[PDB]
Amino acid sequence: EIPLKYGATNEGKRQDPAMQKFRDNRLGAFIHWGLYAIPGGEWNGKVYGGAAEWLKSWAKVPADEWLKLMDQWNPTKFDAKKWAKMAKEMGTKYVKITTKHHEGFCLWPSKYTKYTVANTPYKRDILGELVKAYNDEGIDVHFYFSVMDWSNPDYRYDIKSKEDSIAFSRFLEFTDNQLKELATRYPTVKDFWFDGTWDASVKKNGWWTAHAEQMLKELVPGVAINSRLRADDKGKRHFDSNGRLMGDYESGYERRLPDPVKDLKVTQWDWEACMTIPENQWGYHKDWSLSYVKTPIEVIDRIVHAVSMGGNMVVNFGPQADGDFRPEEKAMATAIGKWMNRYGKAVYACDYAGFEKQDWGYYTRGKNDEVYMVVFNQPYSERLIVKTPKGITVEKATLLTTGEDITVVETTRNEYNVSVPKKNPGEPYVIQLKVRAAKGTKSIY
């Protein structure tokens, strides 16, 4: 055991109501919106294949010239109520918004820098508008915040001199100032999701990460803080030198997911995954023909996969420079929403079920020990294998949409064939199970 002043604080999962809400929400949307939406992956006639929100980096653009894009920031089709409606319709319970990305342009009128929405033709506090509009729809709002800031010359990638250290110390104060500002300007915020924290400068300043966490928790009761923020005394990130999770939830599954057989450890803590629709574009990119674009079922698969393992999933959108969403994104949100409106009882407020993974799809567990079978791969055998943990029996199966009864046949001790429905639902579908735990078993149930 190593002693630490800046390692983990939470013993296991938080169980206060605010965390239970963060968790029960399950499905979120991510919004990456910034100056990068203007060029949309293209600089001086060259279309770059890299992530559009990193175009400043791919095209080697200097800060002064990149930030002049502010002069073209005028999203005339922006309407926060419309965005909130789109999210509501998709079935998202929360939205995570880029308050400031690496480029350092702020979507709120920060008093600590000139690189904000206030100094654009549009002028308006976009972030405040969104907060209000989402909240009015009953949607929680989470703030993405990039510590790394390409707009501020006090930023350092590493601390290699006393000068570096003096500059970076000012930078951290500047950062603290922006964070306090967001927390006090927008007190309905439920979560801060830190990015751009991997540089050696931040690793060397573990103490600050812990302080940022504590500071925000004092300012916003019940607020959640992601693991990606945190470095310990030794510079170890996410999990401290004693293997303990820092922050309130684990936030490293980005465009990938834990293996449903080999990575069951994740069920021990809260966590959130995020994903993109194309392969690797977060900000708006004008040409989606350059990589694989996920279909709605492929996205729904990932959402359910996450919930089946006790995690959240956040699906990313990269709005156009005009403040509308491209057609592929409107289609996606609508398709997701349609499915969730039908089958969302197996997603919202659900969790890991403790059953062995089977090939047909995923289990999720409801608040009242409902066990949902979410079927993505339909067996030609017409039988869905269900192997129960020790002491658990299956008493009934019911097709969720119709209430029709589904035959359950015992094949061995602890295993059943659950029949597929008589009519093929023709889309991923849910069978709700009623299970019973014997007197004197172990496990939840």
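Just count from 1 along the sequence shown to find any residue number. We call the rigid core whatever largest set of C-alpha positions still superposes within 1.5 Å between the two forms.
Which of the two stretches, 180-188 versus 254-262, has its Cα atoms farther on average from this form in 8 other deposited structures of this protein when everything is superposed by the rigid core?
Clearly, after the core fit, the stretch farther away in 8 other deposited structures of this protein is 254-262.
Between 353-361 and 322-330, which has the higher average C-alpha B-factor in the PDB entry?
Higher mean C-alpha B-factor: 322-330.
In the PDB record, does 292-300 or 108-116 carry the higher mean Cα temperature factor? Going by the record's values, the stretch with the higher mean is 108-116.
- Query: Out of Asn44, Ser381, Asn377, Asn417, which shows the largest CA B-factor listed in the entry?
  - Reply: It is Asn44.
Specify which of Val95, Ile166, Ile277, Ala306 carries the largest Cα B factor in the deposited PDB entry. Among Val95, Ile166, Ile277, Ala306, the PDB entry lists the largest C-alpha B-factor for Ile166.
Q.
Considering every modelled residue of the chain and its Cα B-factor in the PDB entry, is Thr401 in the lowest, middle or highest third?
A. Middle third.
* Cα B factor band for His102 (lowest, middle or highest third within the chain) -> CA B-factor rank for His102: middle third.
### Task
Would you please rank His32 by its C-alpha temperature factor against the other modelled residues of its chain and give the third it falls in: lowest, middle or highest?
CA B-factor rank for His32: middle third.
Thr411's Cα B-factor: lowest, middle or highest third of the chain?
Its C-alpha B-factor belongs to the lowest third of this chain's values.
Lowest, middle or highest third: where is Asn177 by C-alpha B factor in its chain?
Within its chain, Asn177 is a highest-third residue by C-alpha B-factor, going by the deposited values.
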